[PDB]
Amino acid sequence: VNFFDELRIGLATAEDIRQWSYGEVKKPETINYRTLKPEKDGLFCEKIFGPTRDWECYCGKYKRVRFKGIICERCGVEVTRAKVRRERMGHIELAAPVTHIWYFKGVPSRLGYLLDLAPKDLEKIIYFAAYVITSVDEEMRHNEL
Amino acid sequence: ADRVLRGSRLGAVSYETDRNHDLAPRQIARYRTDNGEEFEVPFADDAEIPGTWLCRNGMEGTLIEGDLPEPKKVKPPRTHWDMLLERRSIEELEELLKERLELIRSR
Amino acid sequence: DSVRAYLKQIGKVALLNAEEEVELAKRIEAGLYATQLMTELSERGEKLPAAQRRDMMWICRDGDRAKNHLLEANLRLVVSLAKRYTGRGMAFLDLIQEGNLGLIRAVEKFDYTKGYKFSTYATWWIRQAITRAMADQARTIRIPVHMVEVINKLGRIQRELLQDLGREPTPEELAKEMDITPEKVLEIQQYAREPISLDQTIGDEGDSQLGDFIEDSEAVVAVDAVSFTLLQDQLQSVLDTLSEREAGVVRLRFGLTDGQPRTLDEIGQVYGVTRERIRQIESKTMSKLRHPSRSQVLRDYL
Amino acid sequence: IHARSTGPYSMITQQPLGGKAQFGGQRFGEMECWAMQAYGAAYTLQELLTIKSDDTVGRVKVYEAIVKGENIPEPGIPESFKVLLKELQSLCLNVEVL
Amino acid sequence: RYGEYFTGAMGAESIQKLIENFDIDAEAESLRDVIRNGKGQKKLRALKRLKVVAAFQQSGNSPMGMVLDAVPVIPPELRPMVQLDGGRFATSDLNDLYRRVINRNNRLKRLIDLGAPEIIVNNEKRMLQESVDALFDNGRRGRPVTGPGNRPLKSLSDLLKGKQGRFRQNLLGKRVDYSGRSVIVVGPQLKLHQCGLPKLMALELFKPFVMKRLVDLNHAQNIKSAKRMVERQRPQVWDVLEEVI
DNA sequence: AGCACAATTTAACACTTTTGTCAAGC
DNA sequence: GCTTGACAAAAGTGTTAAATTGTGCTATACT
Ligand SMILES: [Zn+2]
């Protein structure tokens, strides 16, 4: 925009990370070995990151500049400048939570203070070496006692 | 080996000129995922609109219209029961179910 | 290190002997059969007496318990077998996990009536799963299994050949040897090599990397980018000097303005003429352009 | 004696690059940037930093202007700043320009 | 036995739960009180902890941002893959880290389906955690993942740190175009505002300008012919170069 | 390893229609 | 300027065979 005043940093909530992507990758494949073209749903994929050839889909039903902004109904690859593979991000939906390391294995461990746990006691918890109590129902533990 | 070794990219570059007028007409569809999401997708004007779309969300979504053509052809995944049925006859299993049963019934 | 925590955790489990798994398999199958009968009771309804249902549900729970017990008892065998597939393509823990999947498969496909040691039959699966893994998830650019088979076969053949001959064999040599043509063996050799990392410093001091010495062979020359627009404009100017029709005729023929060519009859479709009435005009216009005056300004862009 | 108007550029890093039959491009170091700043010449410094080293969309857009005889487009914010944001967001850092 | 009364867990899900049942204003008030009354090595710890507690409390942040549930993936052209002549592929190292992450994630996702002893699922989740840690910052916890040659792979953080990161980029200087160099001599007849310049170097630096300025005067049919004429060093150019310099 | 089999994609060939061509004429 | 006629090379179009790729499996015992 050519008009800056500041540059603010902040943590990215899990609800944003999935609001930047253009698709989720689910195959650790980069490119076919014989035809040298990005695989489907894997890294380098053309449907979630962009076209590899300027104004050309994956299958090839749209080739020239006359088809911009439209999406091939077969390979779902939008047709536009191949320079968009340098601005689009994807995401991965983890099967189980995972803690950012910049905040646990630092000094001082940010969680160690946010939760008041000894770092060598938090590492045991987040690396599946010991259990941790997460809630206790004092009401019943009082009466049913 | 520090030298000038020339490689090549994967893709292509065209010196064509961007133009925002006189381009093919398009038509927008509105698919919707399973967890109530709204996703707008463009399509060529003369194009066969599909029935299901792998949406930006990451899960297949249906159209905005009411076609509902076919949720069929699924094949159940080979489970443990099928593998047991393979190498075993019902009778045996039945008999077994009885014997062990007695053990729990007789403690 | 977590390999040690995992070894510790697996150790705490108590091993099994000759006939214990003999009983565990029976319990497994009984639980499976009771689970299946569950659906039969659901359809036939008539929930049996409190105990008639409780005992069967307890036997089912016993099924899962025995299954988990056997899995835990054999985890150690899995690790022992997978601890000799390391150093090439995968991490120890990934091999252990693939072996665990193979062991789950084996336990699902085991029989207790044949009277064999469980490990004897489990080893086949625990080795096949690890091999299929190392084949699928060991290369950045994936290579199907059937190709990995031939790659490994050719690697071993070349190793043995260099061992016998005591020197580097030749492509044609193995091609004659491996019942294929030299071109096919050269292709397989090509597929063999793995991608080069683009990070390590280039063999010395020590800041420059392998990246700053790659000169693109298809780079975007600026002179050509500028020349293309001038070429379009010069084409437009030249074609503006012909007849009112011939310009659009040639355009629609070579698809300049719209972007898609047209057949001979297609263009005349809008000019009410046929193949010849279009082709004659197009040819004569081309002969016109070939005139020196027209080609003087365009000959250089070619 | 050396010189370079426009030659080949490295593929990984878009800075100029030369060899045997390639110009090579001169190196505008650090103390030179310090001197430029001491002069207060911001436009010259930015030009030496953006449309002469990396900004691929800038080099061609200035060469076209020069050859056509138009005005050199005023140096905006380079494209090497819309990559720092992505390299940050790859760490779950949400940086916004206010 | 007694389980119905409480709840326990392990790992990132347990920490996320703990953070969910976390009231920040109450903790801030408690730290205010502790620094109000206490003293010694009991108000220094209180004040330190309050530092980050207030950092979280003031702005519109949320501690939930410290536990990931969806991992972003950087564009492909920031981890390029280029084919060196001879059909030899060369790529970054982030590809292998992403591949490890995705493989272990898919393996855990499949293993959960079948259902298996807790002993395996926990090891799998630990492997996934270690994979993500090696992704975001290699070598922080444990021994760094290494590829062929027993060398550490460059993780995401290595795109910013060191003298190779983005931050230290524009500072270390960078070679530019429209530049040259040469040996110098004395020009005792020059004025204070002039300098000598070899006609060859002048004709190389000003190639675009002369290419244009010799098109108006019809010395070349088009810019391409002009470039060719200049690269051939025809006699016409030397007259234009003095007009453009 | 290696094999056995299924599902998918690529190629090969007949054939039919379209698209370009020339000769002639009006 | 303009059409008709015959006429041949090119492109679909559909079918069938080859190769290609993915998946399951192998039972002395081995922890
Ligand atoms: Zn397409």
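Chains as they are written, first to last, in the authors' numbering: chain A, 4 to 148; chain B, 2 to 108; chain C, 226 to 527; chain D, 1041 to 1138; chain E, 247 to 491.
Beta carbons: idealized from backbone N, C-alpha and C, even for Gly.
When distances are taken from the beta-carbon of residue 77 (chain A) to the heavy atoms of ligand 1, the shortest one is below 6 Å. 23, 24, 27, 28, 29, 30, 31, 32, 33, 34, 39 and 41: these are the residues of the segment 22–41 of chain A whose beta carbon lies less than 9 Å from some beta carbon of chain E, given in chain order. Just measuring C-alpha positions, the residue of B:45, B:14 and B:88 sitting nearest residue 86 (chain A) is B:14. When beta bridges are read from the DSSP output, residue 45 (chain B) appears opposite B:27. Counting other Cβ atoms within 10 Å of its Cβ, residue 8 (chain B) reaches 16 or more and is therefore classed as buried. When only Cα atoms are considered, residue 412 (chain E) and residue 37 (chain A) end up about 35 Å apart. Not a single heavy atom of ligand 1 lies less than 6 Å from the C-beta of residue 43 (chain A). Per DSSP, the beta-bridge partners of residue 316 (chain E) are A:96.
Taken in chain order, the complete alpha helix (DSSP H) segments of 4 residues or longer contained in the segment 363–426 of chain C are 370–390, 396–402 and 407–417. Under the Cβ criterion of 7 Å, residue 107 (chain B) is not counted among the residues facing chain E.
The beta carbon of residue 56 (chain B) sits no closer than 6 Å to any heavy atom of ligand 1.
In the three-state scheme derived from DSSP, where H, G and I count as helix and E and B as strand, residue 444 (chain E) is classed as coil. Approximately 4 Å separates the beta-carbon atoms of residue 419 (chain E) and residue 1069 (chain D); this is inside 8 Å, confirming the contact. Annotation for residue 306 (chain C): 351 place their beta carbon closer than 6 Å to its own, counting only its chain and skipping 5 residues before and after.
Exclusion of the five residues before and after residue 434 (chain C) leaves 423, 424, 425, 426 and 427 as the residues of its chain whose Cβ lies within less than 8 Å of its Cβ. Pairing residue 367 (chain C) with residue 32 (chain A) gives a Cβ-Cβ distance under 7 Å. Proximity to residue 304 (chain C) across C:287, C:464, C:479 and C:323 peaks at C:323, based on C-alpha coordinates. Cβ-Cβ separation between residue 253 (chain C) and residue 292 (chain C): approximately 5 Å, consistent with a contact (criterion under 8 Å).
Short note on residue 297 (chain E): C-beta not closer than 6 Å to any heavy atom of ligand 1.
Per DSSP, residue 327 (chain E) lies in no alpha helix (DSSP H); the unbroken beta strand (DSSP E) holding it starts and ends at 327–330. By the criterion of at least three beta-carbon pairs nearer than 8 Å, the segment 1102–1119 of chain D is not in contact with the segment 384–397 of chain E. For residue 55 (chain B), there is no enclosing alpha helix (DSSP H); the residue is found in the beta strand (DSSP E) stretching over 53–55. Going by DSSP, residue 377 (chain E) is part of the alpha helix (DSSP H) stretching over 364–382. Residue range 1096–1108 is occupied by the alpha helix (DSSP H) that includes residue 1098 (chain D). With fewer than three CB-CB distances shorter than 8 Å, the segment 257–266 of chain C does not count as touching the segment 337–355 of chain C. Distance from the CA of residue 230 (chain C) to the CA of residue 326 (chain C), rounded to the nearest whole angstrom, comes to 20 Å.
Around residue 29 (chain A), the same chain offers 44 as residues with beta carbons nearer than 6 Å, after the five sequence neighbours per side are excluded. By the Cβ criterion, the segment 513–524 of chain C is not in contact with the segment 1044–1062 of chain D, since fewer than three pairs of Cβ atoms, one from each stretch, lie closer than 8 Å.
Among the residues facing chain C, residue 1056 (chain D) is not included, as its CB has no counterpart in that chain under 7 Å away. Within chain E, 426, 447, 450 and 451 have C-beta atoms less than 7 Å from the C-beta of residue 1043 (chain D), given in sequence order.
Residue environment: residue 304 (chain E) is assigned as exposed (fewer than 16 neighbouring CB atoms within 10 Å of its CB, all protein chains considered). Each residue's CA atom was taken as its position, placing residue 462 (chain E) and residue 415 (chain C) some 54 Å apart. Setting aside the 5 residues that flank it on each side, residue 250 (chain C) is surrounded in the same chain by 337, each with a C-beta closer than 6 Å to its C-beta; the list follows chain order. Of all alpha-carbon atoms in E:352, E:380 and E:284, the one lying nearest the alpha-carbon of residue 367 (chain E) is that of E:352. DSSP places residue 426 (chain E) within a strand segment (E or B) once states are collapsed to three. In this structure, the alpha-carbon of residue 381 (chain E) lies about 26 Å from that of residue 1054 (chain D).
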